[PDB]
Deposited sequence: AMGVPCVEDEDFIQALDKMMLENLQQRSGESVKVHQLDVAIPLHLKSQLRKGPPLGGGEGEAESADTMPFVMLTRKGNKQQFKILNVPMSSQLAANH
């Protein structure tokens, strides 16, 4: 489950982690509704922790 994994996949993974960490500090399925005024419906899977718990 790696594909054709490069030395620049490592860099991205590390780049992505840092990017989330960096941008904060300065400051079968289940239907859910999403806000937008307007509402829209998303199918959340049973896999997820939002479904798996609820």
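Legend entry - Chain regions without C-alpha coordinates, deposited sequence numbering: Residues missing from the model, as numbered along the full deposited sequence, span 28-65, 75-79.
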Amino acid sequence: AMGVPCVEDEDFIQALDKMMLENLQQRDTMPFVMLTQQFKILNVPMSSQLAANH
From here on, numbers count along this sequence of modelled residues.
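Legend entry - Entry-level comparison of average CA B-factors, 18-26 and 5-13, reporting the higher stretch: Taking the mean B-factor of the alpha carbons in each, 18-26 is higher.
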